[PDB]
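Below is one structure; the comments refer to it alone.
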Amino acid sequence: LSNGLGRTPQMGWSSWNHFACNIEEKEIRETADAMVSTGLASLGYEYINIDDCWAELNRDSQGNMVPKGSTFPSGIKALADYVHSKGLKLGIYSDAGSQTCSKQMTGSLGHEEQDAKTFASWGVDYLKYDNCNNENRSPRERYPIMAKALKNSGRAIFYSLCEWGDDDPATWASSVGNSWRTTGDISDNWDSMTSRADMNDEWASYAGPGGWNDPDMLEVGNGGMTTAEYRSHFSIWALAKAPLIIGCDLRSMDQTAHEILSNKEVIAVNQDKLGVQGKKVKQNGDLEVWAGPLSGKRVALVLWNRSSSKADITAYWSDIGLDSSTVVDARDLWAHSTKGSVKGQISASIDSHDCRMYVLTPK
């Protein structure tokens with residue numbers, strides 16, 4: 001959606017993956033404080049997204065969504081104002097439905113323009129729009145009603161369709177919103193994360209600046225996956241131009257979690273000007289190669305070892321879109337070291353569930 005937003009994939013954080021429905025403004029503010037405190041804001045992470053359970057089941061007397069009086073007593077403007085003053089942006093959540101998926105707060109079905117105008121007046125910068133309790137109506141019908149409500153509100157609001165890949169969003173959502181969930185919810189474990197990545201791969205050619213495929217919120221730091229797994233996870237999402245929405249607790253991030261998310265050479269792949277979604281190109285069993293072009297005639301590339309044991313993986317250059325006779329310098333993004341004059345292939349011995357990520361720069 002050309003609303004000036006999401007020219008690269010959104011970077012930020014959402015409450016959902018770590019806190020689920022147990023949420024309050026105090027935690028939202030401290031989270032934003034940590035986004036600055038821990039340097040994440042200066043690497044590009046700007047969105048502080050409040051997910052489900054922020055509002056009341058009922059609306060106020062004038063038909064408006066009421067922030068939950070017990071957990072958000074200062075209101076949502078107050079919170080947006082705080083987040084803006086920290087150089088950041090605030091997101092909220094609602095549903096293309098009568099209630100949200102948790103059934104703990106109302107939705108925005110039949111109140112789309114009124115909710116977009118309220119949001120705008122609060123200084124909201126992002127909206128995640130879930131797909132529960134939808135009274136058996138098409139996502140092609142309900143989702144545009146809110147796209148156009150946002151457009152006609154006061155301000156520029158990033159629009160995140162959350163409709164779990166029903167009716168293949170990629171095919172119609174580019175002109176509707178800034179990103180679309182391609183799969184059902186991620187959980188903090190390997191089989192989940194990987195299946196999200198696989199499911200998302202087939203929609204690679206539909207994603208550009210303005211409109212990203214969304215394999216769901218990062219689970220890095222939540223403790224149900226290994227360091228190696230998380231390295232891959234972040235790595236693949238980066239390459240696949242996924243939203244990079246952190247989903248652990250910023251206020252208590254594990255040092256390895258933080259380190260993984262801070263690799264700015266990987267971030268620059270995700271945030272690459274060219275805005276082409278990298279993808280699986282090659283599959284030697286559980287040994288995979290994923291690749292994609294970058295700006296300046298470069299190539300981003302992951303060697304991924306989904307085996308249960310240690311393995312050699314080889315990315316041939318026919319696999320990843322180069323003449324074999326081309327020579328490159330090969331930047332290893334995690335080791336932060338360059339290797340000169342690599343020619344037809346690169347190889348590595350890689351640990352179980354771990355990966356190598358490179359950026360290939362021609363001479």
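Every chain in the structure tokens takes a letter, A first, then B, and so on in the order presented; its residues are numbered from 1, and the ligands are numbered from 1 following the presented order.
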- request: Report as a list in words: the residues of stretch 165-242 of chain A with a DSSP assignment of strand (DSSP E or B), based on the backbone of this structure.
  value: residues 179, 180, 181, 208, 211, 212, 213 and 214 of chain A
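Every protein or nucleic acid residue with an atom no more than 6 Å from stretch 53-59 of chain A, counting only C-alpha atoms and leaving out same-chain residues fewer than 4 positions away, appears here: residues 21, 63, 64, 65, 66, 67, 68, 104, 105 and 106 of chain A.
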query: Please, which residues of stretch 47-255 of chain A, numbered as in this document, come out helix (DSSP H, G or I) from DSSP, as an MDAnalysis selection string?
result: chainID A and resid 75:85 112:121 139:152 170:173 190:201 204:206 227:239 250:252 255
- prompt: Using only C-alpha atoms, which residue out of A:100, A:299, A:193, A:114 lies closest to residue A:62?
  reply: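 The closest residue to residue A:62 is A:114.
In this model, the gap between atom CA of residue A:294 and atom CA of residue A:306 comes to 24.8 Å.
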Which neighbours of stretch 239-241 of chain A fall inside 9 Å, counting only C-alpha atoms, when residues of the same chain fewer than 2 positions from it are skipped, and could you give them as a PDB file with N, CA, C and O atoms, in the first residue's frame?
```
ATOM      1  N   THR A   8      10.716  -0.371   3.347  1.00  0.00           N
ATOM      2  CA  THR A   8      11.372  -1.582   3.811  1.00  0.00           C
ATOM      3  C   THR A   8      10.454  -2.225   4.868  1.00  0.00           C
ATOM      4  O   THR A   8       9.593  -1.534   5.430  1.00  0.00           O
ATOM      5  N   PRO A   9      10.642  -3.535   5.161  1.00  0.00           N
ATOM      6  CA  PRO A   9       9.861  -4.203   6.227  1.00  0.00           C
ATOM      7  C   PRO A   9       9.949  -3.533   7.581  1.00  0.00           C
ATOM      8  O   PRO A   9      11.022  -3.112   7.994  1.00  0.00           O
ATOM      9  N   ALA A 197       8.568 -20.394   7.859  1.00  0.00           N
ATOM     10  CA  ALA A 197       9.500 -19.993   6.814  1.00  0.00           C
ATOM     11  C   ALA A 197       9.214 -20.692   5.490  1.00  0.00           C
ATOM     12  O   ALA A 197       9.331 -20.062   4.409  1.00  0.00           O
ATOM     13  N   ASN A 200       5.856 -19.497   3.927  1.00  0.00           N
ATOM     14  CA  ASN A 200       6.027 -18.143   3.406  1.00  0.00           C
ATOM     15  C   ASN A 200       6.807 -18.102   2.079  1.00  0.00           C
ATOM     16  O   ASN A 200       6.565 -17.248   1.248  1.00  0.00           O
ATOM     17  N   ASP A 201       7.716 -19.055   1.877  1.00  0.00           N
ATOM     18  CA  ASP A 201       8.607 -19.070   0.696  1.00  0.00           C
ATOM     19  C   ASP A 201       7.900 -18.974  -0.677  1.00  0.00           C
ATOM     20  O   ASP A 201       8.346 -18.233  -1.561  1.00  0.00           O
ATOM     21  N   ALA A 204       7.202 -15.499  -2.252  1.00  0.00           N
ATOM     22  CA  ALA A 204       8.377 -14.614  -2.440  1.00  0.00           C
ATOM     23  C   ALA A 204       8.246 -13.539  -3.504  1.00  0.00           C
ATOM     24  O   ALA A 204       8.502 -12.376  -3.227  1.00  0.00           O
ATOM     25  N   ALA A 207       6.198  -9.814  -2.994  1.00  0.00           N
ATOM     26  CA  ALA A 207       6.569  -8.873  -1.943  1.00  0.00           C
ATOM     27  C   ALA A 207       7.516  -7.859  -2.523  1.00  0.00           C
ATOM     28  O   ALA A 207       8.466  -8.229  -3.179  1.00  0.00           O
ATOM     29  N   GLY A 208       7.233  -6.582  -2.283  1.00  0.00           N
ATOM     30  CA  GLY A 208       8.164  -5.503  -2.568  1.00  0.00           C
ATOM     31  C   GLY A 208       8.022  -4.369  -1.572  1.00  0.00           C
ATOM     32  O   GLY A 208       7.275  -4.494  -0.598  1.00  0.00           O
ATOM     33  N   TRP A 212       4.802  -6.281   2.349  1.00  0.00           N
ATOM     34  CA  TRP A 212       5.599  -7.469   2.771  1.00  0.00           C
ATOM     35  C   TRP A 212       4.776  -8.709   3.182  1.00  0.00           C
ATOM     36  O   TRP A 212       3.708  -8.609   3.824  1.00  0.00           O
ATOM     37  N   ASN A 213       5.282  -9.882   2.798  1.00  0.00           N
ATOM     38  CA  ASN A 213       4.794 -11.148   3.333  1.00  0.00           C
ATOM     39  C   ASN A 213       5.208 -11.230   4.817  1.00  0.00           C
ATOM     40  O   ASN A 213       6.312 -10.842   5.191  1.00  0.00           O
ATOM     41  N   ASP A 214       4.327 -11.732   5.663  1.00  0.00           N
ATOM     42  CA  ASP A 214       4.587 -11.739   7.088  1.00  0.00           C
ATOM     43  C   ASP A 214       4.511 -13.164   7.649  1.00  0.00           C
ATOM     44  O   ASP A 214       3.448 -13.654   7.870  1.00  0.00           O
ATOM     45  N   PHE A 234      16.241 -15.544  12.876  1.00  0.00           N
ATOM     46  CA  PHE A 234      16.467 -14.116  12.557  1.00  0.00           C
ATOM     47  C   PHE A 234      17.076 -13.963  11.164  1.00  0.00           C
ATOM     48  O   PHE A 234      16.578 -13.199  10.347  1.00  0.00           O
ATOM     49  N   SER A 235      18.140 -14.720  10.910  1.00  0.00           N
ATOM     50  CA  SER A 235      18.774 -14.779   9.600  1.00  0.00           C
ATOM     51  C   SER A 235      17.816 -15.003   8.412  1.00  0.00           C
ATOM     52  O   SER A 235      17.809 -14.233   7.447  1.00  0.00           O
ATOM     53  N   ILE A 236      17.012 -16.052   8.488  1.00  0.00           N
ATOM     54  CA  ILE A 236      16.067 -16.355   7.419  1.00  0.00           C
ATOM     55  C   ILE A 236      15.004 -15.259   7.278  1.00  0.00           C
ATOM     56  O   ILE A 236      14.720 -14.849   6.162  1.00  0.00           O
ATOM     57  N   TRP A 237      14.424 -14.805   8.390  1.00  0.00           N
ATOM     58  CA  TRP A 237      13.442 -13.717   8.356  1.00  0.00           C
ATOM     59  C   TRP A 237      14.023 -12.453   7.731  1.00  0.00           C
ATOM     60  O   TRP A 237      13.360 -11.766   6.950  1.00  0.00           O
ATOM     61  N   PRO A 243       8.774  -8.667   8.217  1.00  0.00           N
ATOM     62  CA  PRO A 243       8.834  -7.794   9.347  1.00  0.00           C
ATOM     63  C   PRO A 243       9.775  -8.402  10.381  1.00  0.00           C
ATOM     64  O   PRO A 243       9.761  -9.635  10.607  1.00  0.00           O
ATOM     65  N   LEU A 244      10.591  -7.540  10.968  1.00  0.00           N
ATOM     66  CA  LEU A 244      11.404  -7.899  12.103  1.00  0.00           C
ATOM     67  C   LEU A 244      10.758  -7.301  13.372  1.00  0.00           C
ATOM     68  O   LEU A 244      11.140  -6.227  13.846  1.00  0.00           O
ATOM     69  N   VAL A 266      23.071  -7.951   9.012  1.00  0.00           N
ATOM     70  CA  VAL A 266      21.902  -8.784   8.678  1.00  0.00           C
ATOM     71  C   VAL A 266      20.648  -7.939   8.511  1.00  0.00           C
ATOM     72  O   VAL A 266      19.867  -8.134   7.582  1.00  0.00           O
ATOM     73  N   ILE A 267      20.457  -7.010   9.437  1.00  0.00           N
ATOM     74  CA  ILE A 267      19.407  -6.020   9.311  1.00  0.00           C
ATOM     75  C   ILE A 267      19.454  -5.300   7.940  1.00  0.00           C
ATOM     76  O   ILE A 267      18.420  -4.984   7.375  1.00  0.00           O
ATOM     77  N   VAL A 269      20.416  -6.371   5.100  1.00  0.00           N
ATOM     78  CA  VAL A 269      19.885  -7.282   4.102  1.00  0.00           C
ATOM     79  C   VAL A 269      18.375  -7.157   4.039  1.00  0.00           C
ATOM     80  O   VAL A 269      17.814  -7.062   2.969  1.00  0.00           O
ATOM     81  N   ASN A 270      17.733  -7.186   5.194  1.00  0.00           N
ATOM     82  CA  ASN A 270      16.284  -7.065   5.314  1.00  0.00           C
ATOM     83  C   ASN A 270      15.825  -5.708   4.832  1.00  0.00           C
ATOM     84  O   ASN A 270      14.810  -5.568   4.145  1.00  0.00           O
ATOM     85  N   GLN A 271      16.618  -4.707   5.174  1.00  0.00           N
ATOM     86  CA  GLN A 271      16.296  -3.325   4.903  1.00  0.00           C
ATOM     87  C   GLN A 271      16.873  -2.857   3.582  1.00  0.00           C
ATOM     88  O   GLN A 271      16.943  -1.659   3.326  1.00  0.00           O
ATOM     89  N   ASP A 272      17.248  -3.794   2.725  1.00  0.00           N
ATOM     90  CA  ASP A 272      17.956  -3.465   1.506  1.00  0.00           C
ATOM     91  C   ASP A 272      17.013  -2.764   0.550  1.00  0.00           C
ATOM     92  O   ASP A 272      15.944  -3.242   0.266  1.00  0.00           O
ATOM     93  N   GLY A 275      14.701  -4.373  -2.054  1.00  0.00           N
ATOM     94  CA  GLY A 275      13.431  -4.852  -1.496  1.00  0.00           C
ATOM     95  C   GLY A 275      12.854  -6.116  -2.114  1.00  0.00           C
ATOM     96  O   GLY A 275      11.621  -6.282  -2.143  1.00  0.00           O
ATOM     97  N   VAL A 276      13.745  -7.001  -2.591  1.00  0.00           N
ATOM     98  CA  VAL A 276      13.387  -8.350  -3.075  1.00  0.00           C
ATOM     99  C   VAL A 276      13.515  -9.439  -2.002  1.00  0.00           C
ATOM    100  O   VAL A 276      14.561  -9.597  -1.384  1.00  0.00           O
ATOM    101  N   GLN A 277      12.441 -10.210  -1.836  1.00  0.00           N
ATOM    102  CA  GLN A 277      12.365 -11.266  -0.824  1.00  0.00           C
ATOM    103  C   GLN A 277      13.187 -12.458  -1.245  1.00  0.00           C
ATOM    104  O   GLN A 277      12.865 -13.084  -2.237  1.00  0.00           O
ATOM    105  N   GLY A 278      14.226 -12.760  -0.469  1.00  0.00           N
ATOM    106  CA  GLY A 278      15.025 -13.964  -0.646  1.00  0.00           C
ATOM    107  C   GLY A 278      14.247 -15.221  -0.301  1.00  0.00           C
ATOM    108  O   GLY A 278      13.258 -15.183   0.445  1.00  0.00           O
ATOM    109  N   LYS A 279      14.718 -16.341  -0.830  1.00  0.00           N
ATOM    110  CA  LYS A 279      13.936 -17.552  -0.859  1.00  0.00           C
ATOM    111  C   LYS A 279      14.781 -18.807  -0.955  1.00  0.00           C
ATOM    112  O   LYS A 279      15.928 -18.765  -1.382  1.00  0.00           O
ATOM    113  N   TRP A 290      19.313 -20.835   0.735  1.00  0.00           N
ATOM    114  CA  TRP A 290      18.380 -19.758   0.417  1.00  0.00           C
ATOM    115  C   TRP A 290      19.167 -18.568  -0.103  1.00  0.00           C
ATOM    116  O   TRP A 290      20.204 -18.245   0.456  1.00  0.00           O
ATOM    117  N   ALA A 291      18.669 -17.899  -1.142  1.00  0.00           N
ATOM    118  CA  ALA A 291      19.374 -16.748  -1.771  1.00  0.00           C
ATOM    119  C   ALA A 291      18.423 -15.703  -2.293  1.00  0.00           C
ATOM    120  O   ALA A 291      17.220 -15.936  -2.405  1.00  0.00           O
ATOM    121  N   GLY A 292      18.990 -14.551  -2.627  1.00  0.00           N
ATOM    122  CA  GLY A 292      18.238 -13.459  -3.223  1.00  0.00           C
ATOM    123  C   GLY A 292      19.132 -12.285  -3.581  1.00  0.00           C
ATOM    124  O   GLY A 292      20.147 -12.069  -2.931  1.00  0.00           O
ATOM    125  N   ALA A 300      22.591 -11.726  -1.218  1.00  0.00           N
ATOM    126  CA  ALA A 300      22.372 -12.282   0.122  1.00  0.00           C
ATOM    127  C   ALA A 300      22.057 -13.755   0.006  1.00  0.00           C
ATOM    128  O   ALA A 300      21.347 -14.179  -0.906  1.00  0.00           O
ATOM    129  N   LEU A 301      22.537 -14.516   0.982  1.00  0.00           N
ATOM    130  CA  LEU A 301      22.574 -15.951   0.895  1.00  0.00           C
ATOM    131  C   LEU A 301      22.687 -16.578   2.294  1.00  0.00           C
ATOM    132  O   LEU A 301      23.500 -16.133   3.114  1.00  0.00           O
ATOM    133  N   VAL A 302      21.881 -17.608   2.558  1.00  0.00           N
ATOM    134  CA  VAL A 302      21.991 -18.419   3.785  1.00  0.00           C
ATOM    135  C   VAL A 302      22.237 -19.887   3.432  1.00  0.00           C
ATOM    136  O   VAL A 302      21.540 -20.464   2.572  1.00  0.00           O
TER     137      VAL A 302
END
```
- prompt: Could you pull the residues within 12 Å of stretch 132-141 of chain A, counting only C-alpha atoms, minus those fewer than 2 positions along the same chain, as a PyMOL selection string?
  reply: chain A and resi 52+94-103+105-110+129-130+143-148+161-177+180
message: Which residues are close to residue A:325, i.e. within 12 Å by only C-alpha atoms, leaving aside same-chain residues fewer than 4 positions away? Reply as a list in words.
response: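 So, after excluding close chain neighbours, the residues are residues 316, 317, 318, 321, 341, 342, 343, 344, 345, 362 and 363 of chain A.
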task: Give the answer as one residue: which of A:245, A:257, A:327, A:281 has the shortest atom-to-atom distance to residue A:202, using only C-alpha atoms?
output: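 Once distances to residue A:202 are computed over only C-alpha atoms, the minimum belongs to A:281.
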If we count only C-alpha atoms, what is near residue A:122 at a cut-off of 12 Å, once residues fewer than 4 positions away on the same chain are taken out, given as a tab-separated table (two decimals) with N, CA and C atoms, in the first residue's frame?
```
chain	number	residue	atom	x	y	z
A	65	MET	N	-13.99	2.86	20.86
A	65	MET	CA	-13.23	1.86	21.59
A	65	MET	C	-12.63	2.52	22.83
A	66	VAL	N	-12.86	1.90	23.99
A	66	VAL	CA	-12.38	2.40	25.29
A	66	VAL	C	-11.12	1.62	25.68
A	67	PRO	N	-10.01	2.32	25.98
A	67	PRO	CA	-8.87	1.59	26.54
A	67	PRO	C	-9.17	1.06	27.95
A	74	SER	N	-4.03	5.82	31.74
A	74	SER	CA	-3.62	7.08	31.12
A	74	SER	C	-4.12	7.24	29.69
A	75	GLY	N	-4.70	6.20	29.11
A	75	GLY	CA	-5.23	6.30	27.77
A	75	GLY	C	-4.14	6.03	26.77
A	76	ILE	N	-4.54	6.00	25.51
A	76	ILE	CA	-3.65	5.59	24.42
A	76	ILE	C	-2.92	6.76	23.78
A	77	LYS	N	-3.52	7.94	23.81
A	77	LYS	CA	-2.79	9.13	23.39
A	77	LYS	C	-1.54	9.34	24.27
A	78	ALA	N	-1.71	9.14	25.57
A	78	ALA	CA	-0.65	9.40	26.52
A	78	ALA	C	0.51	8.52	26.20
A	79	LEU	N	0.18	7.30	25.82
A	79	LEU	CA	1.18	6.31	25.56
A	79	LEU	C	1.88	6.56	24.22
A	80	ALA	N	1.12	6.90	23.18
A	80	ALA	CA	1.69	7.31	21.88
A	80	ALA	C	2.60	8.52	22.03
A	81	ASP	N	2.14	9.51	22.77
A	81	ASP	CA	2.95	10.67	23.07
A	81	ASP	C	4.29	10.37	23.73
A	82	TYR	N	4.28	9.42	24.66
A	82	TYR	CA	5.50	8.99	25.33
A	82	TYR	C	6.45	8.32	24.36
A	83	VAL	N	5.89	7.47	23.51
A	83	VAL	CA	6.66	6.67	22.55
A	83	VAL	C	7.23	7.58	21.47
A	84	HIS	N	6.41	8.51	20.97
A	84	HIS	CA	6.91	9.55	20.04
A	84	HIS	C	8.08	10.36	20.63
A	89	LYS	N	7.50	4.76	17.40
A	89	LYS	CA	6.11	4.79	16.95
A	89	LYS	C	5.30	3.72	17.68
A	90	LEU	N	4.01	3.99	17.89
A	90	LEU	CA	3.09	3.09	18.64
A	90	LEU	C	2.13	2.36	17.70
A	91	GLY	N	2.00	1.05	17.92
A	91	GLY	CA	1.00	0.23	17.24
A	91	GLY	C	-0.07	-0.24	18.20
A	92	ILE	N	-1.24	-0.52	17.65
A	92	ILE	CA	-2.33	-1.19	18.38
A	92	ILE	C	-2.87	-2.28	17.50
A	115	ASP	N	-13.24	3.94	14.26
A	115	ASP	CA	-12.04	3.44	14.94
A	115	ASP	C	-10.71	3.95	14.33
A	116	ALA	N	-10.71	4.18	13.01
A	116	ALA	CA	-9.54	4.74	12.32
A	116	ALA	C	-9.26	6.22	12.71
A	117	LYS	N	-10.36	6.97	12.87
A	117	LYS	CA	-10.36	8.39	13.29
A	117	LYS	C	-9.98	8.57	14.75
A	118	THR	N	-10.42	7.65	15.59
A	118	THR	CA	-10.03	7.62	16.99
A	118	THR	C	-8.53	7.36	17.08
A	126	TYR	N	0.53	2.44	13.76
A	126	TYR	CA	0.49	1.08	13.20
A	126	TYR	C	-0.77	0.40	13.73
A	153	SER	N	-8.40	8.77	7.53
A	153	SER	CA	-8.23	9.32	8.88
A	153	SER	C	-7.24	10.49	8.90
A	154	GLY	N	-6.98	11.03	10.06
A	154	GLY	CA	-5.94	12.07	10.15
A	154	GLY	C	-4.54	11.72	9.60
A	155	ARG	N	-4.02	10.53	9.94
A	155	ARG	CA	-2.60	10.26	9.79
A	155	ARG	C	-2.27	8.97	9.08
A	157	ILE	N	-0.93	5.51	8.87
A	157	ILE	CA	-0.97	4.37	9.80
A	157	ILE	C	-0.65	3.09	9.04
```
statement: Using only C-alpha atoms, the best pick from A:263, A:309, A:121, A:38 as closest to residue A:251 would be A:38
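If only C-alpha atoms are the atoms counted, then among A:37, A:227, A:187, A:337 the closest residue to residue A:252 is A:37.
Among A:87, A:215, A:12, A:209, the residue with the shortest atom-to-atom distance to residue A:182, counting only C-alpha atoms, is A:215.
Taking atom CA of residue A:307 as the reference point, atom CA of residue A:264 is found at 27.3 Å.
Each of A:49, A:152, A:195, A:338 was checked against residue A:25 using only C-alpha atoms; the smallest atom-to-atom distance is that of A:49.
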field: Shell of 12 Å around residue A:287, only C-alpha atoms, local chain residues under 6 positions omitted, as an MDAnalysis selection string
entry: chainID A and resid 280:281 302:315 347:356
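Our summary of the geometry notes that atom CA of residue A:273 is positioned 11.6 Å from atom CA of residue A:6.
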